[PDB]
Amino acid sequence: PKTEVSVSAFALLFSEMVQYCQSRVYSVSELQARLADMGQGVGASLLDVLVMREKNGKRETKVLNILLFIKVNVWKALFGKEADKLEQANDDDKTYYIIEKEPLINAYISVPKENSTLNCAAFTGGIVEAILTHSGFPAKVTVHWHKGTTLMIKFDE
């Protein structure tokens, strides 16, 4: 039964998770790593549900196809919209980017926070990472600020 939840259910929940991780961590860098961990833990579940539901049960074997799965299928399922941009680094054939114009968290809170963070991006990056590795593409996903919030996707050589 498809349901619609208040943007607050998530916000409030995520905010606690952030605090949870922050209570057993030393640095923001470690905080994000823990969040990325929680994300990776469930990435696979989302991969299977989207494949069986939107891809007739066929996983991807090519790089371009899996990246689009992220930008379209995965991003829509999670945030109700498609990712703003999908790009390849012009410097190296093994790096790609998922660029969001606004931090992911801002769509779930009345007023954007004065100071921005990469907590939702880290969490999400862990999800995207589980999705990629579990589909057969060993990769490393990181997050940072540049032209908005970026998910850097690096495939292993």
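Note that residue numbering begins at 1 and tracks the sequence as displayed.
- Higher mean CA temperature factor, per the PDB entry, when comparing 49 to 57 with 128 to 136: 49 to 57.
- If you average the C-alpha B-factors over 109 to 117 and over 63 to 71, the higher value belongs to 109 to 117.
- Per the PDB record, residue ranking by Cα B-factor puts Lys101 in the middle third of the chain.
- In this PDB entry, the Cα temperature factor of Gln32 sits in the bottom third of its chain's modelled residues, the lowest group.
- In this PDB entry, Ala89 carries a Cα temperature factor that places it within the middle third of its chain's modelled residues.
- When the modelled residues of the chain are ordered by C-alpha B-factor, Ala44 sits in the highest third.
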